[PDB]
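Next comes just one chain, in structure tokens: the form deposited without the RNA.
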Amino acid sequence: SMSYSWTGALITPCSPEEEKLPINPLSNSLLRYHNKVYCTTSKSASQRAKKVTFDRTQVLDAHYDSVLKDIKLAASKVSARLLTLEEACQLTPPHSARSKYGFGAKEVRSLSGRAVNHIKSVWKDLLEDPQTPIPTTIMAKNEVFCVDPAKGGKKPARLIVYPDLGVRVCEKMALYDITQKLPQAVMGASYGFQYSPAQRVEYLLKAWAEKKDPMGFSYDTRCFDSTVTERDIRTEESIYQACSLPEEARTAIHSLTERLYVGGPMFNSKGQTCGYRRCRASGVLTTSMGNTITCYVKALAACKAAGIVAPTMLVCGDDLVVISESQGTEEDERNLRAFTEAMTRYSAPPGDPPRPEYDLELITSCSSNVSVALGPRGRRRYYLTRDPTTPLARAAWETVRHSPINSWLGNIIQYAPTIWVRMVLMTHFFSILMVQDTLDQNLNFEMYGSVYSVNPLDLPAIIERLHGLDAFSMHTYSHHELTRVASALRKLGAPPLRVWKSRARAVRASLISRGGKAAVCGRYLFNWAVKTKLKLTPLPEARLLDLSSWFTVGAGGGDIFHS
């Protein structure tokens, strides 16, 4: 079966689209080479459409059957409940795509206007009708990148496929509690979304250390969502139904599976019939959980089929890392090829073939790698980092074009211990917040496929809680980090790090002059910039923070909100 079929109707924008980074003194102060920064638009939708359209073949075997059997037995210990309409409404992000039925996210969150009566009717229809396909909209995403002439030509827009807001709320009622309990039960420690960045590092470090002779690889599935078959999606349902659920949840989950998850008609923003999908929908509640479970089953089965020795896996949606006992150089290459051949039979063929690596820091997981620096009193501190190019490009865009989602804020939180966050992003955005005089305002941002709301004045407490007090005292960064960061800054025409340090001294002083929480940000976030450093004490606020809702499996398109 083809992942998609197409009518020929265009994938159309639902609003004007800017391709180019605008010139502007605030963004220019971060990076000067605005022409290297671009935003994807519907103009390239057809190029992506071609890429994600292909035939799938799938042949399963004893290895696959055995893993699935184990997974269903584990699921059988889970009990999950329906969410109330009220609960599901509160999980809706404030700027979630508005319904065609005369209400938007604001109405959903306040349980006002047409929203409640409509959602109830949608739910009743899910219970009564398990058959009729539910319409979805396909849209080209607008995402910002830096040109990479080496990797030849700008990236085509990603495509997102999602049903109406009314349906999305129903998905939460049926399946949210499942997203919170099932992945851990069936995949245990292998389930990546339960880990904060620090915990992820700890997990990877432990896995590597417990092998006598570690070899690890990441496996890149070519367009994972398109490789997911109808049978895969029904198998996901069978796993959900293995849990102990009230009949009403069972009914709704089955209807959503058959009407939405397994496939359905796609319409463009103009309402024209655009195509038909027979693969994973990228914008549904179960996209991340489903990808994670299905990737895990195929991967574990492929380890057994290939004879991978002592695999420890880290699975985050379609992102897959496998750490195991090296059997020798040639043997590893052979065994990775066997692993790839099994994955391919399971309908998860590779994009780039996997490569065996023999240093943990060379393993990329969700675009991130492990690095090390020194904390106070010289102890080694391992932490998660990444190439800062895309974060910086987006930071520049979001400086001049405010978005409902502040990727920069997500990057500061996730990568707080990094040199590029500390010297560049923190310096730039605290300066900007003071220019705007909006320091004390909650901002939304995305992280692990979920939306969160954070007041920048709480960053010191949040960072302490997530990364430890040492995140404000790290120094002696790695050669790789120093070089990669300096190269990114030169590439984008941004000031060099030494200039950021001088700027930071002034940002710090300005924050401190304002007193209160601003001065705390000044003292803690910018202690790195001053010659005479302060002795930083544990922040009481750090303990009071309720981060219980942080780091869970997300939603497709990130359509989940915590606050």
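Note that residue numbering begins at 1 and tracks the sequence as displayed.
This protein has a second form, the form solved in complex with the RNA, left out of what is shown; the following refers to that one.
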| said: I need to confirm a contact call. Of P456, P93, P388, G216, which residue comes within 4.5 Å of the RNA in the entry with it bound, counting heavy atoms only? | reply: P93
| task | Check each of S255, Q414, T229, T294 and return the one that places a heavy atom within 4.5 angstroms of the RNA in the entry with it bound. | result | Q414
| Region of this chain that lies against the RNA in the entry with it bound, out of 473-481, 275-283, 76-84, 112-120 [heavy atom, 4.5 Å] | 275-283
| field | Partner proximity in the entry with it bound: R158 to the RNA, non-hydrogen atom cutoff 4.5 Å | value | yes
| field | Heavy atom of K298 within 4.5 Å of the RNA in the entry with it bound | value | no
| query | Though only this chain appears here, would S244 touch the RNA in the entry with it bound if you measure heavy atom gaps against 4.5 Å? | reply | no
| request: Check whether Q180 has any heavy atom within 4.5 Å of a heavy atom of the RNA in the entry with it bound, and answer yes or no. | output: yes
| query | Any chance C146, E361 and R422 all have a heavy atom within 4.5 Å of the RNA in the entry with it bound? | reply | no
| Relative to the RNA in the entry with it bound, which residues of 400-417 have a heavy atom no more than 4.5 Å away? | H402, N406, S407, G410, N411, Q414
